[PDB]
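Trainee: Sharing a structure, written as structure tokens. Questions coming.
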Amino acid sequence: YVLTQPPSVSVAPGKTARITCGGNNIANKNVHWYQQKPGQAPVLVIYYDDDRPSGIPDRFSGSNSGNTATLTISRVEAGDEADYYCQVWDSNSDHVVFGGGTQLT
Amino acid sequence: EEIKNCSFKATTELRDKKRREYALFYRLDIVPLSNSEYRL
Amino acid sequence: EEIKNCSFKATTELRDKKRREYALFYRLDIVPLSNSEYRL
Amino acid sequence: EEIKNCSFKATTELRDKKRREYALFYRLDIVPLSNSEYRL
Amino acid sequence: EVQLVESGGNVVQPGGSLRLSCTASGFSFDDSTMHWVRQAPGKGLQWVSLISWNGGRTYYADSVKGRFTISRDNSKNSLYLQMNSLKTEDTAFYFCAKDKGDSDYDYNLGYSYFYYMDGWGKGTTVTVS
Ligand SMILES: *[C@@H]1O[C@H](CO)[C@@H](O)[C@H](O)[C@H]1NC(C)=O
Ligand SMILES: *[C@@H]1O[C@H](CO)[C@@H](O)[C@H](O)[C@H]1NC(C)=O
Ligand SMILES: *[C@@H]1O[C@H](CO)[C@@H](O)[C@H](O)[C@H]1NC(C)=O
């Protein structure tokens with residue numbers, strides 16, 4: 001069981017980012033997104049595809065249906081110039097797999 | 001402070017999966033658990 | 001596809017722990033969830 | 001070696017939440033899994 | 001607000017062993033499960049190991065199941081992950097991350113444990129040879 005994240009994405013300031021965490025039949029599994037900044041440890045931003053933790057910028061939402069798990073961003077700003085990773089727990093294969101990330105402009 | 005609309009995270013099948021459903025309950029039906037948290 | 005062989009995760013003497021066990025079912029006994037996954 | 005005091009957790013008021021609890025059981029009431037582990 | 005601190009990384013050689021100490025505070029380990037991942041440069045995340053409060057649900061990833069062991073104790077509230085038989089393609093920054101440990105219970109299905117990291121440590125270092 002593996003993920004199929006895009007290799008890179010370019011979103012200029014003021015636009016919306018459509019990052020996707022590809023996965024076969026991912027609608028049957030929860031997806032948790034992370035921000036992997038360079039020089040410091042990652043911080044969880046989304047869990048269960050709808051909830052949201054404290055101490056987070058507002059308007060961070062994600063959608064998980066069908067064969068693709070999509071993360072939604074608005075008013076993109078340079079502070080979020082890092083890589084995004086999505087985590088999924090699998091019991092049939094009995095292991096946790098992380099995607100390859102996606103570079104941001 | 002009479003009608004409350006919200007959803008509860010419960011699973012029907014797919015043991016390692018969680019999906020929410022929205023239901024409406026009266027204020028007196030649900031008591032506070034603590035902010036913005038309630039319980040049957 | 002007269003008979004299908006496969007396994008599932010089931011509870012054991014300890015409720016928290018779980019084990020994997022294999023069993024045989026007829027094709028018409030089970031139905032496909034969608035690839036390679038089925039339910040009774 | 002006659003009465004054992006120890007901790008565990010099980011169901012609580014809310015299914016999602018957990019609570020660690022302690023109780024005393026007689027030596028012959030429980031049986032070891034194997035070290036410092038037991039069950040009813 | 002919780003903090004995780006790790007120390008003990010230094011130069012290593014293939015076939016050797018290293019002792020890694022990872023203490024933390026702010027959340028009790030009695031009902032907390034610790035994870036382990038590594039971040040090689042230019043690559044994605046990789047799962048390393050998992051551990052429960054005492055035992056069971058200590059599952060390991062497929063590629064790192066050889067002779068890797070993880071142990072926990074309650075007396076001093078710390079964790080270890082000793083490196084053994086280091087390969088030439090397993091060098092990266094190993095990260096230990098806290099887990100919420102949410103669960104669920106249905107009379108028919110039974111206990112189901114969900115896993116997703118909540119807190120993360122500063123990070124360790126590894127250098128083969
Ligand atoms: C089903 O089990 C087989 C082991 O024989 C494995 O190769 C396969 O990936 C499993 N399928 C899924 C969807 O996990
Ligand atoms: C029994 O074990 C518990 C561990 O949960 C401990 O807190 C307690 O002090 C022990 N003794 C008694 C009399 O409960
Ligand atoms: C059992 O509980 C005691 C309580 O102090 C703890 O020290 C011990 O580590 C627990 N068992 C195991 C195998 O860790």
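Every chain in the structure tokens takes a letter, A first, then B, and so on in the order presented; its residues are numbered from 1, and the ligands are numbered from 1 following the presented order.
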Looking only at strand (DSSP E) from DSSP on the backbone, list the matching residues of chain C as a VMD selection string.
Mentor: chain C and resid 3 to 11 18 to 26 31 to 32 38 to 39
Trainee: So which residues touch residue 37 in chain B within 12 Å, counting only C-alpha atoms, skipping near sequence neighbours fewer than 5 positions away, as a ChimeraX atom specification?
Mentor: /B:4,6-8,30-32
Trainee: Go ahead and save the residues from that selection, with C-alpha atoms, as a short mmCIF file (atom, residue, chain, number, x, y, z; two decimals), in the first residue's frame.
Mentor:
```cif
data_model
loop_
_atom_site.label_atom_id
_atom_site.label_comp_id
_atom_site.auth_asym_id
_atom_site.auth_seq_id
_atom_site.Cartn_x
_atom_site.Cartn_y
_atom_site.Cartn_z
CA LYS B 4 -28.72 22.65 19.12
CA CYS B 6 -24.20 19.43 15.61
CA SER B 7 -22.60 16.13 14.58
CA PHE B 8 -21.07 13.18 16.42
CA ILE B 30 -27.49 17.36 26.06
CA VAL B 31 -25.61 18.54 29.16
CA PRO B 32 -22.20 20.30 29.12
#
```
Trainee: Please identify all protein, DNA and RNA residues within 6 Å of ligand 3, counting only C-alpha atoms and all ligand atoms, and report them as number ranges by chain.
Mentor: E: 54, 73-75
Trainee: Keeping N, CA, C and O atoms for every residue in the selection just given, could you write it to a file as a PDB file, in the first residue's frame?
Mentor:
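Listed below is the output, result24.pdb:
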```pdb
ATOM      1  N   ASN E  54       2.400  -0.943  27.300  1.00  0.00           N
ATOM      2  CA  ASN E  54       3.217  -2.042  27.804  1.00  0.00           C
ATOM      3  C   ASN E  54       3.677  -2.979  26.700  1.00  0.00           C
ATOM      4  O   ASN E  54       4.882  -3.231  26.567  1.00  0.00           O
ATOM      5  N   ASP E  73       9.404   2.386  29.622  1.00  0.00           N
ATOM      6  CA  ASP E  73       9.261   2.212  31.060  1.00  0.00           C
ATOM      7  C   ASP E  73       8.489   3.392  31.634  1.00  0.00           C
ATOM      8  O   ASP E  73       8.472   4.486  31.064  1.00  0.00           O
ATOM      9  N   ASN E  74       7.842   3.150  32.776  1.00  0.00           N
ATOM     10  CA  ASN E  74       7.053   4.170  33.456  1.00  0.00           C
ATOM     11  C   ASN E  74       7.787   4.831  34.613  1.00  0.00           C
ATOM     12  O   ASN E  74       7.353   5.894  35.071  1.00  0.00           O
ATOM     13  N   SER E  75       8.878   4.232  35.097  1.00  0.00           N
ATOM     14  CA  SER E  75       9.536   4.748  36.293  1.00  0.00           C
ATOM     15  C   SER E  75      10.074   6.158  36.073  1.00  0.00           C
ATOM     16  O   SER E  75       9.933   7.024  36.945  1.00  0.00           O
TER      17      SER E  75
END
```
Trainee: Please give chain B as an mmCIF file with N, CA and C atoms, in the first residue's frame, after it has been superposed on chain C by least squares over all Cα atoms paired in order.
Mentor:
```cif
data_model
loop_
_atom_site.group_PDB
_atom_site.id
_atom_site.type_symbol
_atom_site.label_atom_id
_atom_site.label_comp_id
_atom_site.auth_asym_id
_atom_site.auth_seq_id
_atom_site.Cartn_x
_atom_site.Cartn_y
_atom_site.Cartn_z
ATOM 1 N N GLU B 1 -13.624 -18.848 -10.105
ATOM 2 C CA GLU B 1 -14.569 -17.853 -9.613
ATOM 3 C C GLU B 1 -15.727 -18.525 -8.883
ATOM 4 N N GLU B 2 -15.428 -19.628 -8.203
ATOM 5 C CA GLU B 2 -16.418 -20.393 -7.453
ATOM 6 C C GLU B 2 -16.068 -20.540 -5.982
ATOM 7 N N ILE B 3 -14.794 -20.754 -5.660
ATOM 8 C CA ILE B 3 -14.325 -20.898 -4.287
ATOM 9 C C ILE B 3 -13.316 -19.793 -4.009
ATOM 10 N N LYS B 4 -13.430 -19.175 -2.834
ATOM 11 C CA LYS B 4 -12.519 -18.122 -2.406
ATOM 12 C C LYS B 4 -11.922 -18.497 -1.059
ATOM 13 N N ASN B 5 -10.597 -18.445 -0.968
ATOM 14 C CA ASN B 5 -9.869 -18.705 0.267
ATOM 15 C C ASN B 5 -9.278 -17.401 0.780
ATOM 16 N N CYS B 6 -9.464 -17.130 2.066
ATOM 17 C CA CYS B 6 -8.976 -15.887 2.654
ATOM 18 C C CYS B 6 -9.128 -15.971 4.168
ATOM 19 N N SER B 7 -8.763 -14.879 4.840
ATOM 20 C CA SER B 7 -8.805 -14.799 6.292
ATOM 21 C C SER B 7 -9.417 -13.469 6.705
ATOM 22 N N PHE B 8 -10.019 -13.467 7.892
ATOM 23 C CA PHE B 8 -10.654 -12.286 8.460
ATOM 24 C C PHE B 8 -10.014 -11.966 9.801
ATOM 25 N N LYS B 9 -9.746 -10.682 10.030
ATOM 26 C CA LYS B 9 -9.077 -10.224 11.246
ATOM 27 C C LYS B 9 -10.125 -10.059 12.339
ATOM 28 N N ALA B 10 -10.184 -11.024 13.255
ATOM 29 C CA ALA B 10 -11.139 -11.002 14.352
ATOM 30 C C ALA B 10 -10.437 -11.418 15.635
ATOM 31 N N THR B 11 -10.984 -10.962 16.758
ATOM 32 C CA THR B 11 -10.412 -11.206 18.074
ATOM 33 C C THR B 11 -11.357 -12.064 18.904
ATOM 34 N N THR B 12 -10.781 -12.998 19.659
ATOM 35 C CA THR B 12 -11.522 -13.844 20.586
ATOM 36 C C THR B 12 -11.391 -13.359 22.024
ATOM 37 N N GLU B 13 -10.159 -13.194 22.499
ATOM 38 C CA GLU B 13 -9.876 -12.601 23.798
ATOM 39 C C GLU B 13 -8.710 -11.638 23.609
ATOM 40 N N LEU B 14 -8.150 -11.146 24.715
ATOM 41 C CA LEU B 14 -7.062 -10.172 24.665
ATOM 42 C C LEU B 14 -7.506 -8.932 23.881
ATOM 43 N N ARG B 15 -8.460 -8.223 24.496
ATOM 44 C CA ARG B 15 -9.185 -7.126 23.855
ATOM 45 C C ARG B 15 -8.312 -6.284 22.930
ATOM 46 N N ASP B 16 -7.136 -5.877 23.403
ATOM 47 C CA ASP B 16 -6.225 -5.061 22.600
ATOM 48 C C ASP B 16 -5.242 -5.952 21.836
ATOM 49 N N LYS B 17 -5.804 -6.897 21.086
ATOM 50 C CA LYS B 17 -5.008 -7.788 20.253
ATOM 51 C C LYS B 17 -5.859 -8.249 19.079
ATOM 52 N N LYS B 18 -5.209 -8.473 17.940
ATOM 53 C CA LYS B 18 -5.882 -8.858 16.705
ATOM 54 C C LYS B 18 -5.126 -10.014 16.070
ATOM 55 N N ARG B 19 -5.843 -11.093 15.759
ATOM 56 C CA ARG B 19 -5.249 -12.283 15.161
ATOM 57 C C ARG B 19 -6.157 -12.784 14.050
ATOM 58 N N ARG B 20 -5.562 -13.180 12.929
ATOM 59 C CA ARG B 20 -6.320 -13.598 11.759
ATOM 60 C C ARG B 20 -6.533 -15.106 11.748
ATOM 61 N N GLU B 21 -7.621 -15.522 11.103
ATOM 62 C CA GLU B 21 -7.918 -16.930 10.883
ATOM 63 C C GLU B 21 -8.426 -17.096 9.459
ATOM 64 N N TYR B 22 -7.996 -18.168 8.801
ATOM 65 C CA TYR B 22 -8.308 -18.400 7.398
ATOM 66 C C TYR B 22 -9.512 -19.323 7.265
ATOM 67 N N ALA B 23 -10.428 -18.954 6.374
ATOM 68 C CA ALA B 23 -11.611 -19.749 6.088
ATOM 69 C C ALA B 23 -11.916 -19.656 4.600
ATOM 70 N N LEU B 24 -12.628 -20.660 4.096
ATOM 71 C CA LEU B 24 -12.977 -20.753 2.685
ATOM 72 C C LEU B 24 -14.471 -20.517 2.509
ATOM 73 N N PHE B 25 -14.819 -19.609 1.598
ATOM 74 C CA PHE B 25 -16.201 -19.285 1.286
ATOM 75 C C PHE B 25 -16.397 -19.318 -0.222
ATOM 76 N N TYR B 26 -17.626 -19.611 -0.637
ATOM 77 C CA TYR B 26 -17.960 -19.607 -2.051
ATOM 78 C C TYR B 26 -18.066 -18.172 -2.564
ATOM 79 N N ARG B 27 -17.891 -18.017 -3.878
ATOM 80 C CA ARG B 27 -17.847 -16.681 -4.465
ATOM 81 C C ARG B 27 -19.157 -15.937 -4.236
ATOM 82 N N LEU B 28 -20.287 -16.609 -4.459
ATOM 83 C CA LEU B 28 -21.577 -15.956 -4.277
ATOM 84 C C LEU B 28 -21.879 -15.673 -2.811
ATOM 85 N N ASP B 29 -21.231 -16.385 -1.887
ATOM 86 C CA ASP B 29 -21.469 -16.145 -0.467
ATOM 87 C C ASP B 29 -21.042 -14.737 -0.068
ATOM 88 N N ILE B 30 -19.911 -14.271 -0.593
ATOM 89 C CA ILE B 30 -19.345 -12.971 -0.247
ATOM 90 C C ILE B 30 -19.499 -12.045 -1.445
ATOM 91 N N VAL B 31 -19.969 -10.828 -1.191
ATOM 92 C CA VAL B 31 -20.195 -9.844 -2.248
ATOM 93 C C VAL B 31 -19.081 -8.803 -2.195
ATOM 94 N N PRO B 32 -18.711 -8.178 -3.316
ATOM 95 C CA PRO B 32 -17.679 -7.138 -3.261
ATOM 96 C C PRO B 32 -18.109 -5.970 -2.385
ATOM 97 N N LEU B 33 -17.131 -5.381 -1.698
ATOM 98 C CA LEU B 33 -17.384 -4.228 -0.843
ATOM 99 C C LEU B 33 -17.159 -2.907 -1.565
ATOM 100 N N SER B 34 -16.217 -2.861 -2.501
ATOM 101 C CA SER B 34 -15.940 -1.640 -3.249
ATOM 102 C C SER B 34 -16.927 -1.476 -4.399
ATOM 103 N N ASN B 35 -11.433 -3.249 -4.677
ATOM 104 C CA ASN B 35 -10.645 -4.318 -5.280
ATOM 105 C C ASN B 35 -10.030 -5.208 -4.204
ATOM 106 N N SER B 36 -10.201 -6.520 -4.359
ATOM 107 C CA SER B 36 -9.677 -7.512 -3.423
ATOM 108 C C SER B 36 -10.259 -7.350 -2.023
ATOM 109 N N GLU B 37 -11.438 -6.741 -1.913
ATOM 110 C CA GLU B 37 -12.124 -6.560 -0.640
ATOM 111 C C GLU B 37 -13.536 -7.109 -0.767
ATOM 112 N N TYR B 38 -13.947 -7.918 0.206
ATOM 113 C CA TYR B 38 -15.253 -8.557 0.183
ATOM 114 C C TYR B 38 -15.894 -8.444 1.559
ATOM 115 N N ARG B 39 -17.157 -8.857 1.634
ATOM 116 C CA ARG B 39 -17.924 -8.784 2.867
ATOM 117 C C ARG B 39 -19.001 -9.858 2.837
ATOM 118 N N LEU B 40 -19.369 -10.344 4.021
ATOM 119 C CA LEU B 40 -20.446 -11.319 4.123
ATOM 120 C C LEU B 40 -21.730 -10.726 3.559
#
```
Trainee: Write out as a PyMOL selection string each polymer residue whose atoms come within 9 Å of residue 83 in chain E, counting only C-alpha atoms; drop sequence neighbours fewer than 3 positions from it.
Mentor: chain E and resi 16-20+68-69+86
